[PDB]
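One chain is shown next in structure tokens, namely the form deposited in one PDB entry.
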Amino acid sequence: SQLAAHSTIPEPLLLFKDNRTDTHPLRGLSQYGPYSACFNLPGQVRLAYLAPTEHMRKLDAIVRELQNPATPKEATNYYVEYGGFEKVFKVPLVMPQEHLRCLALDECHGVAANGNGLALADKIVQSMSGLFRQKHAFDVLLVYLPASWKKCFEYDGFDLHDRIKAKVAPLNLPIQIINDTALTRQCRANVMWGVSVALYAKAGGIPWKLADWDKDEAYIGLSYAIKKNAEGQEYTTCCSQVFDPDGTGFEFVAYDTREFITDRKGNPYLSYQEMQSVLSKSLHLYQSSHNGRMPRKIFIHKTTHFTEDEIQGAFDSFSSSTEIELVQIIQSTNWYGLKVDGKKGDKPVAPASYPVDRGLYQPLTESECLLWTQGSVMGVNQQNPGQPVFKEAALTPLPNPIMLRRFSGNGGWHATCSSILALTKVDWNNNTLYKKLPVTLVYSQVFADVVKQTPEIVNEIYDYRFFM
């Protein structure tokens, strides 16, 4: 009844302005500043509005709240005080002029009443037509979707967010959609932090990045989306890649895995040729971003298991000098764990008040491991300095671990666990401490949904700034 000895991965360190490190992202931003502030890119964040006549006051109010300090009201153990956009991000947040604020057409209300989501997306993109000639006058555009259109937000086979994002993707126009959720949430500091980070990222800046990150390693994620029609179902199975270039920066791209259009698949698993094509595209991207050098070691993360054809294609896609590690992430597992503390003077061995630490990994078999991406983190609490913080306390009594299955690789579990934990903290769209899954899987899933909605935006590589 004794398992193998477990080890705990130290909490990943985030890099900020002047190459300073901090575990807490919001605290690091507040005390040191964004990573891209030293590069003066962006020098300013200019905004644009796209809302009906009756709801531009809401956009003005949210921008004014962004420009002014706010204090946390919920989850005070983690969230720090928001000191405004200029104080935190060191760049001004320029309000739009009269020509940079656009009006939604009156036909949008009638289209929404008729329930035609595609017509609503077309009307929104046609409304935003005037800003195409003035793209140089602003950085990020704000979209407000009133609650009166809620019937056209998400029904069978449609996603207004995904459709609008796919339509604005080839126009090189970053957008940020604001609903009534952001305006009627009690904790204003949380919304302010999330929106400010998203706006700074979409403007072209890097809020933070991992501190001790190897430039000779590349990370690839594959996730699938299912679209069902009368004939049957089809799988999107998009891809994503994470790496930093030789110079200062951070690369986050996603691309479709279909070698040619009109290719239909009924299963998430890819073939030999498809895997070879996708990994050749990834290798070409890495070589372009690293002065023509090959990665010393390659990480591929998948939601489903690796078939023999997939493994063979992966091993034949890269050279012999590149190490290949195939890991399958299983989110749902039957295992859960309890933290037990040791003897501390007079107090005997008793269960801990707070759950198992985030970063503990338990080797189960020669090919499977239990990684705890959810758990208690020390050093991030604001109220009690010495008290652990459990992010999912209002949702889960206890954290639920994830399982990693090894299909190829001779290295230890330490490198894989460190990589996954480090990648779970670079979601700029996420305003909390960490994500349960690595950001590669999240971005691949998001791009899979977007491609599923509109299949005409495939065969072009897209940055994370256009889909977060």
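Throughout, we count residues from 1 along the sequence that is shown. Superpose the two forms; the largest set of C-alphas matching within 1.5 Å is the rigid core.
Quick note: we don't show the form deposited in another entry, though the next part is all about it.
A 2 Å or larger CA shift between this form and the one not shown, after fitting on the rigid core, occurs at just one of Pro397, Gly386, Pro351, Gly232, namely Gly232. Relative to the superposed rigid core, the position of the CA of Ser376 differs between this form and the one not shown by less than 2 Å.
With a cut-off of 2 Å and the rigid core superposed, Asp159 has a Cα displacement that falls short of the cut-off between this form and the one not shown. In the core-superposed comparison between this form and the one not shown, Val242 has its Cα shifted by at least 2 Å. Between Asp449 and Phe243, the C-alpha separation shrinks by 3 Å or more in the other form, relative to the conformation displayed. Distance between the C-alpha atoms of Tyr235 and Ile300: longer in the other form than here (change of 3 Å or more).
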